[PDB]
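File shown here: data_34.pdb, holding PDB, N, CA and C atoms.
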MODEL        1
ATOM      1  N   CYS A   1     -20.244   6.018   5.606  1.00  0.00           N
ATOM      2  CA  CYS A   1     -18.924   6.517   5.970  1.00  0.00           C
ATOM      3  C   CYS A   1     -18.773   6.506   7.493  1.00  0.00           C
ATOM      4  N   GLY A   2     -17.565   6.585   7.980  1.00  0.00           N
ATOM      5  CA  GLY A   2     -17.362   6.576   9.425  1.00  0.00           C
ATOM      6  C   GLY A   2     -15.872   6.721   9.734  1.00  0.00           C
ATOM      7  N   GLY A   3     -15.323   7.887   9.524  1.00  0.00           N
ATOM      8  CA  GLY A   3     -13.905   8.085   9.801  1.00  0.00           C
ATOM      9  C   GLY A   3     -13.507   9.520   9.446  1.00  0.00           C
ATOM     10  N   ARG A   4     -13.728   9.923   8.225  1.00  0.00           N
ATOM     11  CA  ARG A   4     -13.367  11.279   7.830  1.00  0.00           C
ATOM     12  C   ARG A   4     -14.300  12.279   8.513  1.00  0.00           C
ATOM     13  N   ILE A   5     -15.478  11.852   8.881  1.00  0.00           N
ATOM     14  CA  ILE A   5     -16.409  12.761   9.538  1.00  0.00           C
ATOM     15  C   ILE A   5     -15.925  13.044  10.963  1.00  0.00           C
ATOM     16  N   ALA A   6     -15.858  12.032  11.786  1.00  0.00           N
ATOM     17  CA  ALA A   6     -15.405  12.236  13.157  1.00  0.00           C
ATOM     18  C   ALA A   6     -14.124  13.074  13.154  1.00  0.00           C
ATOM     19  N   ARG A   7     -13.225  12.800  12.250  1.00  0.00           N
ATOM     20  CA  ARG A   7     -11.987  13.567  12.200  1.00  0.00           C
ATOM     21  C   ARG A   7     -12.312  15.044  11.980  1.00  0.00           C
ATOM     22  N   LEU A   8     -12.992  15.359  10.912  1.00  0.00           N
ATOM     23  CA  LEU A   8     -13.334  16.753  10.651  1.00  0.00           C
ATOM     24  C   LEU A   8     -13.921  17.377  11.918  1.00  0.00           C
ATOM     25  N   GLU A   9     -14.541  16.583  12.748  1.00  0.00           N
ATOM     26  CA  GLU A   9     -15.121  17.120  13.974  1.00  0.00           C
ATOM     27  C   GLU A   9     -13.997  17.513  14.936  1.00  0.00           C
ATOM     28  N   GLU A  10     -13.095  16.610  15.213  1.00  0.00           N
ATOM     29  CA  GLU A  10     -11.997  16.929  16.118  1.00  0.00           C
ATOM     30  C   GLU A  10     -11.312  18.209  15.641  1.00  0.00           C
ATOM     31  N   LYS A  11     -11.210  18.386  14.353  1.00  0.00           N
ATOM     32  CA  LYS A  11     -10.571  19.584  13.826  1.00  0.00           C
ATOM     33  C   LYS A  11     -11.420  20.805  14.180  1.00  0.00           C
ATOM     34  N   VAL A  12     -12.704  20.727  13.963  1.00  0.00           N
ATOM     35  CA  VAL A  12     -13.567  21.857  14.283  1.00  0.00           C
ATOM     36  C   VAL A  12     -13.490  22.141  15.783  1.00  0.00           C
ATOM     37  N   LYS A  13     -13.039  21.185  16.549  1.00  0.00           N
ATOM     38  CA  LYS A  13     -12.939  21.392  17.989  1.00  0.00           C
ATOM     39  C   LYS A  13     -11.698  22.232  18.295  1.00  0.00           C
ATOM     40  N   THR A  14     -10.579  21.884  17.719  1.00  0.00           N
ATOM     41  CA  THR A  14      -9.361  22.648  17.972  1.00  0.00           C
ATOM     42  C   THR A  14      -9.529  24.068  17.424  1.00  0.00           C
ATOM     43  N   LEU A  15     -10.271  24.220  16.362  1.00  0.00           N
ATOM     44  CA  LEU A  15     -10.466  25.548  15.792  1.00  0.00           C
ATOM     45  C   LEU A  15     -11.325  26.389  16.739  1.00  0.00           C
ATOM     46  N   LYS A  16     -12.455  25.876  17.144  1.00  0.00           N
ATOM     47  CA  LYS A  16     -13.318  26.632  18.044  1.00  0.00           C
ATOM     48  C   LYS A  16     -12.550  26.969  19.325  1.00  0.00           C
ATOM     49  N   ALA A  17     -11.677  26.096  19.751  1.00  0.00           N
ATOM     50  CA  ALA A  17     -10.914  26.358  20.966  1.00  0.00           C
ATOM     51  C   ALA A  17     -10.010  27.574  20.755  1.00  0.00           C
ATOM     52  N   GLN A  18      -9.020  27.441  19.915  1.00  0.00           N
ATOM     53  CA  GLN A  18      -8.113  28.557  19.670  1.00  0.00           C
ATOM     54  C   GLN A  18      -8.918  29.849  19.517  1.00  0.00           C
ATOM     55  N   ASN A  19     -10.088  29.763  18.948  1.00  0.00           N
ATOM     56  CA  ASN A  19     -10.903  30.961  18.779  1.00  0.00           C
ATOM     57  C   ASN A  19     -11.196  31.567  20.151  1.00  0.00           C
ATOM     58  N   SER A  20     -11.736  30.790  21.047  1.00  0.00           N
ATOM     59  CA  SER A  20     -12.039  31.310  22.376  1.00  0.00           C
ATOM     60  C   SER A  20     -10.749  31.812  23.030  1.00  0.00           C
ATOM     61  N   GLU A  21      -9.623  31.317  22.598  1.00  0.00           N
ATOM     62  CA  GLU A  21      -8.360  31.755  23.182  1.00  0.00           C
ATOM     63  C   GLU A  21      -8.078  33.202  22.766  1.00  0.00           C
ATOM     64  N   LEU A  22      -7.802  33.423  21.510  1.00  0.00           N
ATOM     65  CA  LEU A  22      -7.520  34.777  21.052  1.00  0.00           C
ATOM     66  C   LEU A  22      -8.690  35.697  21.410  1.00  0.00           C
ATOM     67  N   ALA A  23      -9.839  35.138  21.680  1.00  0.00           N
ATOM     68  CA  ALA A  23     -10.986  35.967  22.027  1.00  0.00           C
ATOM     69  C   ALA A  23     -10.791  36.542  23.432  1.00  0.00           C
ATOM     70  N   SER A  24     -10.465  35.712  24.384  1.00  0.00           N
ATOM     71  CA  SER A  24     -10.264  36.202  25.742  1.00  0.00           C
ATOM     72  C   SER A  24      -9.061  37.149  25.762  1.00  0.00           C
ATOM     73  N   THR A  25      -8.055  36.862  24.982  1.00  0.00           N
ATOM     74  CA  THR A  25      -6.883  37.728  24.957  1.00  0.00           C
ATOM     75  C   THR A  25      -7.302  39.131  24.518  1.00  0.00           C
ATOM     76  N   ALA A  26      -7.998  39.234  23.420  1.00  0.00           N
ATOM     77  CA  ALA A  26      -8.430  40.544  22.949  1.00  0.00           C
ATOM     78  C   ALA A  26      -9.350  41.179  23.994  1.00  0.00           C
ATOM     79  N   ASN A  27     -10.054  40.376  24.744  1.00  0.00           N
ATOM     80  CA  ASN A  27     -10.947  40.920  25.759  1.00  0.00           C
ATOM     81  C   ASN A  27     -10.118  41.566  26.872  1.00  0.00           C
ATOM     82  N   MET A  28      -8.975  41.010  27.169  1.00  0.00           N
ATOM     83  CA  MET A  28      -8.138  41.578  28.221  1.00  0.00           C
ATOM     84  C   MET A  28      -7.492  42.872  27.717  1.00  0.00           C
ATOM     85  N   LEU A  29      -6.999  42.871  26.510  1.00  0.00           N
ATOM     86  CA  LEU A  29      -6.369  44.073  25.978  1.00  0.00           C
ATOM     87  C   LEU A  29      -7.434  45.149  25.745  1.00  0.00           C
ATOM     88  N   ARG A  30      -8.674  44.759  25.641  1.00  0.00           N
ATOM     89  CA  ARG A  30      -9.730  45.740  25.416  1.00  0.00           C
ATOM     90  C   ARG A  30     -10.073  46.433  26.737  1.00  0.00           C
ATOM     91  N   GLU A  31     -10.365  45.674  27.754  1.00  0.00           N
ATOM     92  CA  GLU A  31     -10.708  46.270  29.042  1.00  0.00           C
ATOM     93  C   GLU A  31      -9.528  47.097  29.558  1.00  0.00           C
ATOM     94  N   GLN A  32      -8.326  46.646  29.332  1.00  0.00           N
ATOM     95  CA  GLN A  32      -7.169  47.395  29.810  1.00  0.00           C
ATOM     96  C   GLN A  32      -6.969  48.642  28.944  1.00  0.00           C
ATOM     97  N   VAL A  33      -7.133  48.516  27.655  1.00  0.00           N
ATOM     98  CA  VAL A  33      -6.959  49.674  26.787  1.00  0.00           C
ATOM     99  C   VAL A  33      -8.107  50.658  27.026  1.00  0.00           C
ATOM    100  N   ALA A  34      -9.161  50.208  27.649  1.00  0.00           N
ATOM    101  CA  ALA A  34     -10.288  51.093  27.911  1.00  0.00           C
ATOM    102  C   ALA A  34      -9.994  51.930  29.157  1.00  0.00           C
ATOM    103  N   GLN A  35      -9.565  51.301  30.218  1.00  0.00           N
ATOM    104  CA  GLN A  35      -9.262  52.048  31.433  1.00  0.00           C
ATOM    105  C   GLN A  35      -8.099  53.002  31.151  1.00  0.00           C
ATOM    106  N   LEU A  36      -7.154  52.576  30.361  1.00  0.00           N
ATOM    107  CA  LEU A  36      -6.019  53.436  30.046  1.00  0.00           C
ATOM    108  C   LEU A  36      -6.493  54.591  29.162  1.00  0.00           C
ATOM    109  N   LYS A  37      -7.265  54.295  28.153  1.00  0.00           N
ATOM    110  CA  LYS A  37      -7.754  55.349  27.271  1.00  0.00           C
ATOM    111  C   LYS A  37      -8.414  56.446  28.111  1.00  0.00           C
ATOM    112  N   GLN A  38      -9.237  56.070  29.050  1.00  0.00           N
ATOM    113  CA  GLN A  38      -9.898  57.066  29.885  1.00  0.00           C
ATOM    114  C   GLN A  38      -8.846  57.906  30.611  1.00  0.00           C
ATOM    115  N   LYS A  39      -7.815  57.281  31.109  1.00  0.00           N
ATOM    116  CA  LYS A  39      -6.780  58.029  31.814  1.00  0.00           C
ATOM    117  C   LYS A  39      -6.107  59.007  30.847  1.00  0.00           C
ATOM    118  N   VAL A  40      -6.065  58.675  29.586  1.00  0.00           N
ATOM    119  CA  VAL A  40      -5.433  59.567  28.619  1.00  0.00           C
ATOM    120  C   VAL A  40      -6.391  60.709  28.279  1.00  0.00           C
ATOM    121  N   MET A  41      -7.665  60.507  28.468  1.00  0.00           N
ATOM    122  CA  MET A  41      -8.624  61.562  28.164  1.00  0.00           C
ATOM    123  C   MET A  41      -8.431  62.721  29.145  1.00  0.00           C
ATOM    124  N   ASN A  42      -7.627  63.685  28.788  1.00  0.00           N
ATOM    125  CA  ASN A  42      -7.405  64.816  29.680  1.00  0.00           C
ATOM    126  C   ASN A  42      -6.506  65.842  28.988  1.00  0.00           C
ATOM    127  N   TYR A  43      -6.850  66.236  27.792  1.00  0.00           N
ATOM    128  CA  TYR A  43      -6.030  67.211  27.081  1.00  0.00           C
ATOM    129  C   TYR A  43      -6.823  67.776  25.899  1.00  0.00           C
TER     130      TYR A  43
ATOM    131  N   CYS B   1     -20.437   8.877   0.489  1.00  0.00           N
ATOM    132  CA  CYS B   1     -21.077  10.063   1.045  1.00  0.00           C
ATOM    133  C   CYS B   1     -20.746  11.278   0.173  1.00  0.00           C
ATOM    134  N   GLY B   2     -21.489  12.340   0.310  1.00  0.00           N
ATOM    135  CA  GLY B   2     -21.219  13.527  -0.494  1.00  0.00           C
ATOM    136  C   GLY B   2     -22.207  14.635  -0.121  1.00  0.00           C
ATOM    137  N   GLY B   3     -22.059  15.211   1.040  1.00  0.00           N
ATOM    138  CA  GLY B   3     -22.971  16.273   1.448  1.00  0.00           C
ATOM    139  C   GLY B   3     -22.593  16.765   2.846  1.00  0.00           C
ATOM    140  N   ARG B   4     -22.557  15.883   3.806  1.00  0.00           N
ATOM    141  CA  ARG B   4     -22.207  16.295   5.161  1.00  0.00           C
ATOM    142  C   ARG B   4     -20.723  16.664   5.217  1.00  0.00           C
ATOM    143  N   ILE B   5     -19.932  16.123   4.331  1.00  0.00           N
ATOM    144  CA  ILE B   5     -18.509  16.441   4.337  1.00  0.00           C
ATOM    145  C   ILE B   5     -18.306  17.877   3.847  1.00  0.00           C
ATOM    146  N   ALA B   6     -18.674  18.153   2.626  1.00  0.00           N
ATOM    147  CA  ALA B   6     -18.505  19.505   2.101  1.00  0.00           C
ATOM    148  C   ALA B   6     -19.037  20.519   3.117  1.00  0.00           C
ATOM    149  N   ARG B   7     -20.160  20.237   3.723  1.00  0.00           N
ATOM    150  CA  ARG B   7     -20.711  21.168   4.699  1.00  0.00           C
ATOM    151  C   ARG B   7     -19.705  21.372   5.832  1.00  0.00           C
ATOM    152  N   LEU B   8     -19.322  20.317   6.497  1.00  0.00           N
ATOM    153  CA  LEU B   8     -18.362  20.452   7.586  1.00  0.00           C
ATOM    154  C   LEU B   8     -17.183  21.307   7.121  1.00  0.00           C
ATOM    155  N   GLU B   9     -16.892  21.290   5.848  1.00  0.00           N
ATOM    156  CA  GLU B   9     -15.778  22.084   5.345  1.00  0.00           C
ATOM    157  C   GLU B   9     -16.148  23.569   5.404  1.00  0.00           C
ATOM    158  N   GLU B  10     -17.268  23.934   4.844  1.00  0.00           N
ATOM    159  CA  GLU B  10     -17.674  25.335   4.873  1.00  0.00           C
ATOM    160  C   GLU B  10     -17.644  25.833   6.319  1.00  0.00           C
ATOM    161  N   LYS B  11     -18.009  24.993   7.248  1.00  0.00           N
ATOM    162  CA  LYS B  11     -18.002  25.400   8.646  1.00  0.00           C
ATOM    163  C   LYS B  11     -16.562  25.649   9.091  1.00  0.00           C
ATOM    164  N   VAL B  12     -15.670  24.752   8.774  1.00  0.00           N
ATOM    165  CA  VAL B  12     -14.279  24.936   9.166  1.00  0.00           C
ATOM    166  C   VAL B  12     -13.738  26.206   8.509  1.00  0.00           C
ATOM    167  N   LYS B  13     -14.383  26.669   7.476  1.00  0.00           N
ATOM    168  CA  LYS B  13     -13.919  27.878   6.805  1.00  0.00           C
ATOM    169  C   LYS B  13     -14.330  29.101   7.626  1.00  0.00           C
ATOM    170  N   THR B  14     -15.566  29.158   8.044  1.00  0.00           N
ATOM    171  CA  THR B  14     -16.015  30.302   8.831  1.00  0.00           C
ATOM    172  C   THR B  14     -15.265  30.327  10.165  1.00  0.00           C
ATOM    173  N   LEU B  15     -14.913  29.181  10.680  1.00  0.00           N
ATOM    174  CA  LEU B  15     -14.199  29.139  11.951  1.00  0.00           C
ATOM    175  C   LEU B  15     -12.782  29.687  11.760  1.00  0.00           C
ATOM    176  N   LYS B  16     -12.065  29.177  10.795  1.00  0.00           N
ATOM    177  CA  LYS B  16     -10.707  29.654  10.564  1.00  0.00           C
ATOM    178  C   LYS B  16     -10.735  31.162  10.290  1.00  0.00           C
ATOM    179  N   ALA B  17     -11.766  31.638   9.648  1.00  0.00           N
ATOM    180  CA  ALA B  17     -11.850  33.065   9.354  1.00  0.00           C
ATOM    181  C   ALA B  17     -11.941  33.853  10.661  1.00  0.00           C
ATOM    182  N   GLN B  18     -13.035  33.721  11.363  1.00  0.00           N
ATOM    183  CA  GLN B  18     -13.193  34.450  12.616  1.00  0.00           C
ATOM    184  C   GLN B  18     -11.895  34.367  13.425  1.00  0.00           C
ATOM    185  N   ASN B  19     -11.227  33.246  13.380  1.00  0.00           N
ATOM    186  CA  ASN B  19      -9.982  33.109  14.126  1.00  0.00           C
ATOM    187  C   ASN B  19      -8.997  34.190  13.672  1.00  0.00           C
ATOM    188  N   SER B  20      -8.768  34.299  12.390  1.00  0.00           N
ATOM    189  CA  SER B  20      -7.839  35.314  11.901  1.00  0.00           C
ATOM    190  C   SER B  20      -8.364  36.703  12.271  1.00  0.00           C
ATOM    191  N   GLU B  21      -9.645  36.829  12.481  1.00  0.00           N
ATOM    192  CA  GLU B  21     -10.205  38.128  12.835  1.00  0.00           C
ATOM    193  C   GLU B  21      -9.747  38.513  14.242  1.00  0.00           C
ATOM    194  N   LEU B  22     -10.214  37.811  15.239  1.00  0.00           N
ATOM    195  CA  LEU B  22      -9.821  38.128  16.607  1.00  0.00           C
ATOM    196  C   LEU B  22      -8.297  38.095  16.726  1.00  0.00           C
ATOM    197  N   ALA B  23      -7.631  37.449  15.806  1.00  0.00           N
ATOM    198  CA  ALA B  23      -6.175  37.385  15.872  1.00  0.00           C
ATOM    199  C   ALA B  23      -5.591  38.757  15.525  1.00  0.00           C
ATOM    200  N   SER B  24      -6.020  39.337  14.438  1.00  0.00           N
ATOM    201  CA  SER B  24      -5.500  40.646  14.057  1.00  0.00           C
ATOM    202  C   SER B  24      -5.906  41.676  15.112  1.00  0.00           C
ATOM    203  N   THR B  25      -7.078  41.537  15.670  1.00  0.00           N
ATOM    204  CA  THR B  25      -7.520  42.487  16.684  1.00  0.00           C
ATOM    205  C   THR B  25      -6.550  42.451  17.865  1.00  0.00           C
ATOM    206  N   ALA B  26      -6.273  41.284  18.380  1.00  0.00           N
ATOM    207  CA  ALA B  26      -5.354  41.183  19.505  1.00  0.00           C
ATOM    208  C   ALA B  26      -3.976  41.696  19.080  1.00  0.00           C
ATOM    209  N   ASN B  27      -3.650  41.573  17.822  1.00  0.00           N
ATOM    210  CA  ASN B  27      -2.352  42.044  17.355  1.00  0.00           C
ATOM    211  C   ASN B  27      -2.309  43.571  17.428  1.00  0.00           C
ATOM    212  N   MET B  28      -3.417  44.216  17.185  1.00  0.00           N
ATOM    213  CA  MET B  28      -3.440  45.674  17.237  1.00  0.00           C
ATOM    214  C   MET B  28      -3.378  46.134  18.698  1.00  0.00           C
ATOM    215  N   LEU B  29      -4.127  45.504  19.560  1.00  0.00           N
ATOM    216  CA  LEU B  29      -4.111  45.900  20.965  1.00  0.00           C
ATOM    217  C   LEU B  29      -2.757  45.544  21.582  1.00  0.00           C
ATOM    218  N   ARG B  30      -2.039  44.637  20.978  1.00  0.00           N
ATOM    219  CA  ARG B  30      -0.741  44.252  21.521  1.00  0.00           C
ATOM    220  C   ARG B  30       0.302  45.309  21.151  1.00  0.00           C
ATOM    221  N   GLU B  31       0.420  45.616  19.888  1.00  0.00           N
ATOM    222  CA  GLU B  31       1.401  46.611  19.465  1.00  0.00           C
ATOM    223  C   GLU B  31       1.095  47.954  20.132  1.00  0.00           C
ATOM    224  N   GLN B  32      -0.158  48.280  20.295  1.00  0.00           N
ATOM    225  CA  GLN B  32      -0.501  49.554  20.918  1.00  0.00           C
ATOM    226  C   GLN B  32      -0.223  49.482  22.422  1.00  0.00           C
ATOM    227  N   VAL B  33      -0.552  48.384  23.046  1.00  0.00           N
ATOM    228  CA  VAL B  33      -0.305  48.263  24.478  1.00  0.00           C
ATOM    229  C   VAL B  33       1.203  48.172  24.719  1.00  0.00           C
ATOM    230  N   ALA B  34       1.959  47.890  23.694  1.00  0.00           N
ATOM    231  CA  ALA B  34       3.404  47.793  23.856  1.00  0.00           C
ATOM    232  C   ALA B  34       4.008  49.199  23.830  1.00  0.00           C
ATOM    233  N   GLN B  35       3.645  49.993  22.860  1.00  0.00           N
ATOM    234  CA  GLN B  35       4.183  51.347  22.788  1.00  0.00           C
ATOM    235  C   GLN B  35       3.723  52.131  24.017  1.00  0.00           C
ATOM    236  N   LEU B  36       2.518  51.899  24.458  1.00  0.00           N
ATOM    237  CA  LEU B  36       2.019  52.609  25.630  1.00  0.00           C
ATOM    238  C   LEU B  36       2.764  52.118  26.871  1.00  0.00           C
ATOM    239  N   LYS B  37       2.891  50.829  27.024  1.00  0.00           N
ATOM    240  CA  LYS B  37       3.592  50.296  28.185  1.00  0.00           C
ATOM    241  C   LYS B  37       4.962  50.966  28.302  1.00  0.00           C
ATOM    242  N   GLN B  38       5.670  51.074  27.213  1.00  0.00           N
ATOM    243  CA  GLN B  38       6.987  51.702  27.257  1.00  0.00           C
ATOM    244  C   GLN B  38       6.852  53.136  27.771  1.00  0.00           C
ATOM    245  N   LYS B  39       5.852  53.847  27.325  1.00  0.00           N
ATOM    246  CA  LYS B  39       5.673  55.222  27.777  1.00  0.00           C
ATOM    247  C   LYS B  39       5.400  55.234  29.284  1.00  0.00           C
ATOM    248  N   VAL B  40       4.804  54.193  29.798  1.00  0.00           N
ATOM    249  CA  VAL B  40       4.517  54.151  31.227  1.00  0.00           C
ATOM    250  C   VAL B  40       5.792  53.793  31.994  1.00  0.00           C
ATOM    251  N   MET B  41       6.730  53.160  31.344  1.00  0.00           N
ATOM    252  CA  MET B  41       7.969  52.796  32.023  1.00  0.00           C
ATOM    253  C   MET B  41       8.753  54.065  32.362  1.00  0.00           C
ATOM    254  N   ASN B  42       8.559  54.596  33.539  1.00  0.00           N
ATOM    255  CA  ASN B  42       9.278  55.806  33.918  1.00  0.00           C
ATOM    256  C   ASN B  42       8.941  56.168  35.365  1.00  0.00           C
ATOM    257  N   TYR B  43       9.065  55.231  36.266  1.00  0.00           N
ATOM    258  CA  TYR B  43       8.750  55.513  37.662  1.00  0.00           C
ATOM    259  C   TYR B  43       9.333  54.408  38.547  1.00  0.00           C
TER     260      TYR B  43
ENDMDL
END

Could you quickly redo this structure as structure tokens?
Amino acid sequence: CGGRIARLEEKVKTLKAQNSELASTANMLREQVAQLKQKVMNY
Amino acid sequence: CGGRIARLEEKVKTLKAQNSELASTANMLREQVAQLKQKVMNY
């Protein structure tokens, strides 16, 4: 074989990418929600 | 062929999954950071 494999690879590439995307996004909302949470800690 | 393909599929499955995972996580930090942001809007 030599066609459906390479393709499945390109697909696994776009998937792993988007993953790192939403990953960094959640990382930003996490660090920010952490500093904010601490500021809320006072009651 | 009949082995490396099915495998590449199972892999694309775990990838798409984790993707939906970090996706919902960012969705929670987004809706929460949105309601909070509004509360901060007052200065």

Could you state the separation of atom CA of residue A:39 and atom CA of residue B:22 in Å, given to one decimal place?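 A separation of 25.2 Å between them.
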
Ordered Cα pairing of chain B with chain A, RMSD after least-squares superposition: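 Across all paired C-alpha atoms, the RMSD is 0.0 Å.
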
With only C-alpha atoms considered, list every residue of chain B at most 10 Å from chain A, as a PyMOL selection string. chain B and resi 1-2+4-5+8-9+11-13+15-30+32-33+36

Interatomic distance between atom CA of residue A:3 and atom CA of residue B:6? 14.5 Å

Å distance separating atom CA of residue A:38 from atom CA of residue B:41, one decimal place: 18.5 Å

Around all listed atoms of stretch 5-18 of chain A, padded 3 Å per side, what centre and edge lengths does the axis-aligned box have in Å to one decimal, as lines of an AutoDock Vina configuration file?
center_x = -12.3
center_y = 20.9
center_z = 14.9
size_x = 14.3
size_y = 24.0
size_z = 18.1
